[PDB]
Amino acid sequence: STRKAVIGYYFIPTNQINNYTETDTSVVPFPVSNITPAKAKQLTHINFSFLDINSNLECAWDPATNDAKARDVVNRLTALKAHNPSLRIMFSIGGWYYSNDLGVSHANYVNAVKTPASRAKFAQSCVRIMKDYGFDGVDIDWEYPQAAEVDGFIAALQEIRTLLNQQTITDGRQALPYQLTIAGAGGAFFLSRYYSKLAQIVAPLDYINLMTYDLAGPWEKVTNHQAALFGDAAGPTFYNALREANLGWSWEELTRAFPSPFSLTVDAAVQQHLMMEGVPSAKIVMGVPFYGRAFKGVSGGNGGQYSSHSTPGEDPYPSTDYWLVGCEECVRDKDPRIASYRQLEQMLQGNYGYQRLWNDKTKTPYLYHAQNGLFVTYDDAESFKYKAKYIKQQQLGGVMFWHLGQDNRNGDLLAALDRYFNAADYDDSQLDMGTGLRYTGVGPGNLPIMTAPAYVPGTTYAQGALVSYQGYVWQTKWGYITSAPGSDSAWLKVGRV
């Protein structure tokens, strides 16, 4: 009965800030005024983005930003709290552009967390920025820290948590404490960079917003749903990077927690987080996209799914050929590979040759243009039903999405999410979650409850035997076992209590 978080990103490029206006779409497509009172009430958090970490290793705005303008935009955002007292205006630091391994400011992130001094300096700048511009929390989107930088990242977060908590007291914000969150990897590959230390990373956070989308892209040889909730056996599968993380577990432990290959879905990412001890479901937030990814050069037979394609994976778009027919915004953004739900909705009702299909295993829609060989994977009010029920059933913290300017003018995707969680007249008790493939891995954090005869010191056990000891149920991996679980590596912990 705790309200589910609804975290929407508000992204505005510097040039739009420096020329902000709420009366001319050509310049500021999505002004703050578009976030009507109705919308502000369906949100719990708005992640204003993005800020960066400069060469000075402190949190800061983009140099070219006109400060007076920024503050005004921000103040328009915080002003929305007048409509919803639980609304928090967070500010996000990073994003793919600034922080990816090959990003412009990548070094600043690496160095910012290098030592206690840099950390305290960084942390202190985060809180200073928060207080100065009037934000309600700090969101850090480093995509992503690598194994050796993790301890620093972790220490930085703890530092930020300390300062924020102190600030909540100083500001008498007990009823709406300052918060700390991060955008987390939503796919095993990037997740494997810090997966072994999830517990420590999540400890200082109110939420970890999983970017459970972009699970398919033009950088992938076979077209696929970018945010399948569940797996489709007919779809591609992937190498389970997590089994290569520095977990220090045994072959048996790794194999049971990380089947491979596997289906790269939203369910897999959530379950992968829940497999680790100390990672509470309530802190896990499911990210969903308000845009679709388009591919060209697909062949028929499966409605464009799981087909080879001829889409360029480079960034920026290495071409001037805007082939996503009907997509006007794609021209405005010089990229036919991404389209907002808003634009997609228009394309569908526009007789452009697109046919909306539904994959009942993944529980997600897609578009197929038989004439031109196009495929678009995206989410909508229908896929969100399943994702919302999954969030409630799995007792997750809520939902996050990128980004507000991609919802249609009526704000339907946001309203759908709010409805599924809060409408007294909405009933999904009979909504069928389907037979799509579930992630079946088992780890220390999601061991099933079992019962077994207590271990008897000095007893010899055959292979496959089960016993209880030190709070867990154990099974032998082979025969003639003469020692106790934990002291004899012939036992596999398979249950709890």
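The numbering used is simple: start at 1 and walk along the sequence shown. For the two forms, the rigid core is made up of the largest set of C-alpha atoms that agree within 1.5 Å on superposition.
Undergrad: 316-324 versus 154-162: which one's CA atoms end up farther from this form in 6 other deposited structures of this protein after a core fit?
TA: After the core superposition, the stretch with higher RMS deviation in 6 other deposited structures of this protein is 316-324.
Undergrad: Could you tell me which of the two stretches, 425-433 or 468-476, has its Cα atoms lying farther from the shown structure in 6 other deposited structures of this protein after fitting on the rigid core?
TA: Evaluated in 6 other deposited structures of this protein, the stretch farther from the shown form is 468-476.
Undergrad: Would you tell me which stretch averages the higher CA B-factor in the PDB entry, 452-460 or 34-42?
TA: Stretch with the greater average CA B-factor: 452-460.
Undergrad: Is the mean CA B factor in the deposited entry higher across 308-316 or across 190-198?
TA: Averaged over C-alpha atoms, the B-factors run higher in 308-316.
Undergrad: Which one of 47, 429, 54, 435 shows the top CA temperature factor in the record?
TA: Answer for 47, 429, 54, 435: 54, with the highest C-alpha B-factor.
Undergrad: If I read the C-alpha B-factors straight from the PDB entry, which of 254, 416, 82, 147 is highest?
TA: By C-alpha B-factor in the record, 147 ranks first.
Undergrad: Please place residue 258 in the lowest, middle or highest third of its chain by C-alpha B factor as given in the entry.
TA: Middle third, going by the recorded CA B-factors of the chain.
Undergrad: Quick check on the deposited entry: does the C-alpha B-factor of residue 78 sit in the lowest, middle or highest third of its chain?
TA: Middle third of the chain for residue 78's C-alpha B-factor.
Undergrad: Which third, lowest, middle or highest, does the C-alpha temperature factor of residue 296 belong to within its own chain?
TA: It belongs to the middle third of the chain when residues are ordered by C-alpha B-factor.
Undergrad: Ordered by C-alpha B-factor within the chain, which third holds residue 403? Give me lowest, middle or highest, please.
TA: According to the entry, residue 403 has a C-alpha B-factor in the chain's lowest third.
Undergrad: Splitting the chain's C-alpha B-factors into thirds, which one does residue 178 fall into?
TA: Answer is lowest: the recorded C-alpha B-factor places it there.
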